[PDB]
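To start, the structure itself, in structure tokens.
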Amino acid sequence: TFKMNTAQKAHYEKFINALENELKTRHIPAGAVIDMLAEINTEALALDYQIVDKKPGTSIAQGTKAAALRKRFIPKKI
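Position one of the sequence shown corresponds to residue 1 (the working numbering), numbered consecutively onward.
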């Protein structure tokens, strides 16, 4: 994330942490992940970056931690 500025990184980390928190108590199905990506990327757009799912069209398992999330949901400057 060395290419990203502080605003982009703050937004991205807020997302990763919130996502980890959601996953404490549930699985998130593939269609919900797609909806989530559109929601967060619409916001990230205003900050000139996007989050890319490296495992697109898949669900996310309960208990998945931030370090794992960061390897799957990768931020890229637009």
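For every residue, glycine included, the Cβ atom is placed at its ideal position computed from N, Cα and C.
Quiz prompt | Closest Cα partner of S59 within the set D35, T1, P75 | solution = Numbered from 1 along the sequence shown, position 59 holds the residue referred to as residue 59. Considering only alpha carbons, the answer is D35.
Quiz item: Within this structure, are the beta carbons of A61 and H27 separated by less than 8 Å?
Solution: Indexing the sequence shown from 1 puts residue 61 at position 61. Indexing the sequence shown from 1 puts residue 27 at position 27. Yes, the pair counts as a contact, with Cβ atoms nearer than the cut-off.
Quiz item: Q62 lies in the alpha helix (DSSP H); which residues open and close that run?
Solution: Translated into positions along the sequence shown, residue 62 becomes position 62. Neither: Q62 is in no alpha helix (DSSP H) and is coded neither H nor E.
Quiz prompt | Among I78, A30, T42, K55, the one whose alpha carbon lies nearest that of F15 | solution = Counting from one through the sequence shown, the residue named residue 15 turns up at place 15. That would be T42, whose Cα lies nearest to the Cα of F15.
Quiz item: Regarding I74 and the ligand GTP, is the C-beta to nearest heavy atom distance less than 7 Å?
Solution: The ligand GTP is absent from the structure shown, which contains no ligand whatsoever.
Quiz prompt | Alpha-carbon to alpha-carbon, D53 and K77 | solution = As a first step, residue 77 must be located in the sequence shown, where it is residue number 77. As a first step, residue 53 must be located in the sequence shown, where it is residue number 53. Near 14 Å, if we compare the C-alpha coordinates of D53 and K77.
Practice problem: With a cut-off of 8 Å on the beta carbons, I'd call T1 and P75 a contact; round off their distance for me. | Solution: Locating residue 1 in the sequence shown gives position 1, counting from the first residue. Locating residue 75 in the sequence shown gives position 75, counting from the first residue. Sure, about 6 Å apart at Cβ, within 8 Å.
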